[PDB]
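All values below come from the heavy atoms of this structure, side chains included, with hydrogens, waters and symmetry mates left out. Below, chain A is the first sequence line, B the second, and so on; all start at residue 1.
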Amino acid sequence: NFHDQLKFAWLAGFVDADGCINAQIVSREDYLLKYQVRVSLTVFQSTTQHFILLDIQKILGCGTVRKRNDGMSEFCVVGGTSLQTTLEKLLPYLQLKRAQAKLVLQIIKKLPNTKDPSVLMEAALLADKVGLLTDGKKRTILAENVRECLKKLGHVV
Amino acid sequence: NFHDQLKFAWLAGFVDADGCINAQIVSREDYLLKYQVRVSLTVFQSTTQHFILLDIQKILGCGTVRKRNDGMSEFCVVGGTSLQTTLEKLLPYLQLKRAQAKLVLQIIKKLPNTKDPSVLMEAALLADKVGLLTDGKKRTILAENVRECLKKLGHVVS
DNA sequence: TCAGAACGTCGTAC
DNA sequence: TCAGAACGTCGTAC
DNA sequence: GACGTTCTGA
DNA sequence: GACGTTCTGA
Ligand SMILES: [Mn+2]
Ligand SMILES: [Mn+2]
Ligand SMILES: [Mn+2]
């Protein structure tokens with residue numbers, strides 16, 4: 001479709017401006033390795049224009065829409081399966097966050113093998129590099145925290 | 001052609017998200033009617049990605065790029081001639097600010113006749129309606145201020 | 001007299 | 001054990 | 001925008 | 001994001 005491509009180009013613009021493509025290290029207490037590398041695309045817009053997020057969901061065919069308790073609404077695609085598809089669709093039109101996407105795509109390749117501490121460690125190191133591209137200030141959970149935990153768990157990386 | 005349409009669709013997204021399509025009432029002390037109705041599209045981005053605003057300028061073929069003194073940069077197209085061409089390219093793809101664009105396009109029609117006080121008043125009333133679509137809290141120059149000034153100046157309007 | 005170029009900063013929607 | 005769905009809020013880039 | 005956290009269930 | 005103001009020149 002030249003029509004679907006018109007949609008994605010518009011969405012890339014929106015994402016480039018009011019979106020977030022991210023990899024984070026999230027604490028998971030019942031993981032044997034204690035950490036997940038979570039990947040996501042998020043789109044933010046005031047709840048006053050909530051509908052646009054649903055329109056984005058319709059365009060992509062996946063993802064969730066929620067309302068935050070502060071007047072904001074969010075669209076999120078989280079997880080390797082749905083996200084890889086989403087990013088491949090936007091990849092040709094992204095101008096500001098293409099690096100974030102290329103990196104996340106590198107992480108998604110490793111995700112099915114994150115039970116191996118070495119692979120997890122690589123995913124985590126890649127997450128850190130995505131953090132360096134975002135506006136974020138509160139990034140506390142880092143690759144070093146994974147490496148110190150893994151070592152404490154008796155693993156070798 | 002289609003490549004251009006992809007560029008415009010993307011720009012519309014970027015405008016829908018981090019842009020501003022607006023109409024304002026600006027005081028002009030040396031105007032006969034004391035006021036102008038200024039129409040504009042603006043794109044905002046941190047100076048860290050200053051390059052993208054230059055990219056937009058290249059895409060549209062007009063408009064200015066400046067750096068503000070707070071780490072922000074802006075791309076701006078101000079004025080009827082450049083703006084109308086600009087809005088018409090984005091208009092099919094705008095999804096959040098199409099109303100602002102359509103209203104500004106109504107205002108652009110009137111601008112070559114804003115020497116007439118009643119036409120200025122129409123554009124000023126229309127600008128007021130664009131201000132209702134924006135997120136601004138700071139707008140203090142409204143249609144009512146033009147109406148009172150024009151009356152003071154000896155003109156007849158309503 | 002016009003009016004864009006360029007500017008400086010508040011409030012909140014990212 | 002996994003990990004998305006849904007959530008709550010800080011700092012600033014709109 | 002971009003984090004960290006809690007809920008839910010495969 | 002979206003204002004109101006100052007510089008510049010047609
Ligand atoms: Mn932005
Ligand atoms: Mn926005
Ligand atoms: Mn924004």
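More than 12 heavy atoms of other residues, nucleotides or ligands shown are found within 6.0 angstrom of CZ on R98(A). Within a 6.0 Å radius of CD in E144(A), other residues, nucleotides and ligands contribute 12 heavy atoms or fewer. Annotation for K89(A): atom NZ counts as buried by contact number, over 12 foreign heavy atoms lying within 6.0 Å.
Between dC10(D) and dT6(F), the two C1' atoms lie 36 Å apart (nearest whole Å). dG4(E) sits 27 Å from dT12(C) when the P atoms are compared, rounded to a whole Å. The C1' atoms of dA13(C) and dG1(E) are separated by 9 Å, rounded to the nearest whole Å. Using atom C1' as the reference point in both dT9(C) and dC7(E), the two lie 42 Å apart (nearest Å).
As rounded to whole Å, 16 Å separates atom P of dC10(D) from atom CZ of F44(A). Whole-Å rounding puts the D16(B) CG to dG1(F) P distance at 11 Å. Atom CG of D128(A) is separated from atom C1' of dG4(E) by 15 Å (rounded to the nearest Å). Atom pair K137(A):NZ and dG11(D):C1' shows a separation of 7 Å (rounding to whole Å applied). Look at CZ on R38(B): it is 10 Å from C1' on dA6(C), rounded to the nearest Å. Distance CG (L153(A)) to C1' (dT1(D)): 14 Å, rounded to an integer number of Å. The nearest whole Å value for the distance from the CG atom in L132(B) to the P atom in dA2(F) is 13 Å. A straight line from CG of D70(A) to P of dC3(E) spans 17 Å, rounded to a whole angstrom.
Taking the nucleotide of DNA chain E with the nearest heavy atom to each of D30(A) and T140(A), the more 5' of the two is matched to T140(A). The residue among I25(B) and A17(B) whose nearest nucleotide of DNA chain F is located toward the 5' end is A17(B).
Panel note: side chain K34(B), backbone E29(B); a donor-acceptor pair is recorded below 3.5 Å.
Across all strands, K97(A) comes closer than 4.0 Å only to sugar-phosphate atoms, never to a base (heavy-atom distances). Heavy atoms of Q24(B) sit under 4.0 angstrom from at least one base atom. Among the protein residues, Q45(A) comes within range of the sugar-phosphate backbone only, with heavy atoms under 4.0 Å from sugar or phosphate atoms but none that close to a base. Within 4.0 Å of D135(A), counting heavy atoms only, lie sugar-phosphate atoms of the nucleic acid but no base atom. Residue contacts for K138(A): at a heavy-atom cut-off of 4.0 Å it reaches a base atom on one of the strands shown. Among the heavy atoms of the strands lying under 4.0 Å from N69(B) is at least one base atom, whether or not backbone atoms are also near. Within 4.0 Å of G19(A), counting heavy atoms only, lie sugar-phosphate atoms of the nucleic acid but no base atom. Looking at heavy-atom distances under 4.0 Å, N22(A) makes contact with sugar-phosphate atoms alone, never a base.
Comparing atom distances between the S46(A) side chain and each of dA13(C), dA13(D), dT9(C) picks out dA13(C) as nearest. Relative to the side chain of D18(A), the nucleotides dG1(F), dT5(F), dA3(C) differ in distance, and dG1(F) lies closest. Of the candidates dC2(D), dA5(D), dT9(D), the closest approach to any side-chain atom of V78(A) belongs to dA5(D). Candidate nucleotides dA6(C), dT5(E), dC2(D) were compared by shortest atom distance to the side chain of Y31(A), and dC2(D) ranks first.
For the side chain to side chain contact (heavy atoms under 4.5 Å, CB included) test with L125(A), the passing option among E122(A), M121(A), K129(A) is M121(A); the others fail. The side chain to side chain contact (heavy atoms under 4.5 Å, CB included) test with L87(B) is passed by exactly one of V15(B), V39(B), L41(B): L41(B).
Between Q100(A) and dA2(E) there is no side-chain polar atom (N or O) within less than 4.0 angstrom of OP1 or OP2. For the pair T134(B) and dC3(F), the criterion of a side-chain N or O lying under 4.0 Å from OP1 or OP2 is met. Phosphate contact (OP1/OP2 of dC3(E), side-chain N/O of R139(A), threshold under 4.0 Å): present.
Between the side chain of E74(B) and the base of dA2(F), at least one donor-acceptor pair of N or O atoms lies under 3.5 Å. Within 3.5 Å, no donor on the side chain of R28(B) pairs with an acceptor on the base of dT1(C), nor the reverse.
Aromatic ring centres of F2(A) and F2(B): separated by under 6.0 Å.
The strand DNA chain F forms stems, runs of 3 or more Watson-Crick or G-U wobble pairs with distances below 3.5 Å, at C:1-10 with F:1-10.
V37(A) places none of its side-chain heavy atoms less than 4.5 Å from the side chain of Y35(A).
Under a hydrophobic-cluster definition in which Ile, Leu, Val, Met, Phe, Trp and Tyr are linked whenever side-chain heavy atoms come within less than 4.5 Å, directly or via other members, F51(A) and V43(A) are assigned to the same cluster.
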**Request:** Test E74(B) against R68(B) for salt bridge (charged side-chain N to carboxylate O under 4.0 Å, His left out), laying out the working first.
**Result:** CA-CA 8 Å; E74(B) 288 186 357; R68(B) 30 197 253 221; 3.0 Å; yes
